[PDB]
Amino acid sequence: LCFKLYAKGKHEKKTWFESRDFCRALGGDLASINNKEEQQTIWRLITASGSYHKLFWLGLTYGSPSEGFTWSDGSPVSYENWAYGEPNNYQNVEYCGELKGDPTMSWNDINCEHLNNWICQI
């Protein structure tokens, strides 16, 4: 699949669910990062667009307590790149995953209603 960055001003930022719906309407989904190669592809896309250090929704959403975090596209959550100490469900309200678009490419769980950039796959 092809990844596409949506780096938006405040007017066009989206919640996790809004971002998921946008990517699905176009024929894809929010991006799943299933290995280091995908991660490095997205990092290069971030550098090519000058989007260094921006935050982006990924397809990470909590499933059942048993499943834990899942990918919206249904791929297995095998590879992980959570930031140290994450996911921490800070204040019990963090059920969606965002990418910190710096060289670490780390993930953090945050409130699903936060307005963010996002990355689609198509």
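Counting begins at 1, following the sequence as shown. C-alpha atoms forming the largest set that superposes within 1.5 Å between two forms make up the rigid core.
The stretch that moves more in 9 other deposited structures of this protein, judged by CA deviation after a rigid core superposition and choosing between 86-94 and 37-45, is 86-94. Note on 99-107 and 8-16: with rigid core alignment, C-alpha atoms in 9 other deposited structures of this protein sit farther from this form for 8-16. Averaged over their C-alpha atoms, the temperature factors of 31-39 and 85-93 are higher for 31-39. Legend: mean Cα B-factor per stretch from the PDB entry, 6-14 versus 107-115; the higher mean is in 6-14. Among all modelled residues in this chain, the alpha-carbon of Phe69 has a temperature factor (C-alpha) in the middle third.
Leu26: CA B factor lies in the highest third for its chain, per the PDB record. Looking at the C-alpha B-factors along this chain, the one for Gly59 belongs to the lowest third.
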